[PDB]
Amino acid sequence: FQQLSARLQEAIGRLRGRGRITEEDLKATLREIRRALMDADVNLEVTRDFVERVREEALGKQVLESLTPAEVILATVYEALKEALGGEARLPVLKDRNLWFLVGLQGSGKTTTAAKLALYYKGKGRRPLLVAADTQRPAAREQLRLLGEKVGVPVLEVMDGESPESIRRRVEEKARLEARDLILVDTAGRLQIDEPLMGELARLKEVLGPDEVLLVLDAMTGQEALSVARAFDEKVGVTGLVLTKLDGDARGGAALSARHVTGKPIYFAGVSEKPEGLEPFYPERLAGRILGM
């Protein structure tokens, strides 16, 4: 979000040591914030509410009567950013037995996140099992098999054209025999939504009943990323989100509009291509970081 932070810390910086600014120094800065949000590809409705929330909250803080208005703005923009990102952190509820679907498009970081998610929980005392659920592309299963060997987590590859009921049986037996307590199913990912695959997807969810359905979204595809969320949600049912490639995220509209566009919380974030690159999402932390704090 290099760009956004830079210009945002600027607009704020453009107020220090000025004393009590008027409703014209303000009006100036707010638009600046609005333009910053736009050049970051933030949803236009989010951008509107955001700017409004800053006008509203700042006046409530008598910015016009403050002797340090830059600290008020910084403060309201901070909360506006924390809210937009999701507010307080959120992590799936870890039960005794967990079966989660990782869904998304090919290249979203979905296969890699399934293996990072496994690695993450393994270090948390969980006993995961990776499941490569693509019944049409051996290579896709193969990719997860290698990813799994590298993070030291077992991988079950479904068979070509294998039925959900079959998959269920095999996964549960391996889970049983290996005391797996966190099951991660990397579903089929394609360059674009496939109606038939969506059907096989919903069906698979129907047979296996995951407690969580996490949609993996590449943060670098801006506003587009979220347009794919409504389809998955509609035809399958998403419980949370994972925003990958935040470390390559120039701009940042995706992450900032996600909670508004999707209505789902971001549990995890991809912050490096490294195995440990995946971490729980902290809206508060990301907000403070954007404002340089």
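Start at 1 and count along the sequence shown; that's the residue number.
The deposited model assigns a higher average Cα B-factor to 82 to 90 than to the other stretch when 146 to 154 and 82 to 90 are compared. Between 91 to 99 and 155 to 163, it is 91 to 99 that carries the larger average Cα temperature factor according to the deposited entry. Of the candidates 263, 240, 60, 237, it is 60 whose Cα B-factor is highest according to the PDB record.
Among all modelled residues in this chain, the alpha-carbon of residue 48 has a temperature factor (C-alpha) in the middle third.
Ranked against the other modelled residues of its chain, the C-alpha B-factor of residue 222 as given in the entry falls in the highest third. Per the deposited record, the Cα B-factor of residue 283 falls in the lowest third when ranked against the other modelled residues of its chain. When the modelled residues of the chain are ordered by their C-alpha B factor, residue 200 lands in the middle third. In this PDB entry, residue 269 carries a Cα temperature factor that places it within the lowest third of its chain's modelled residues.
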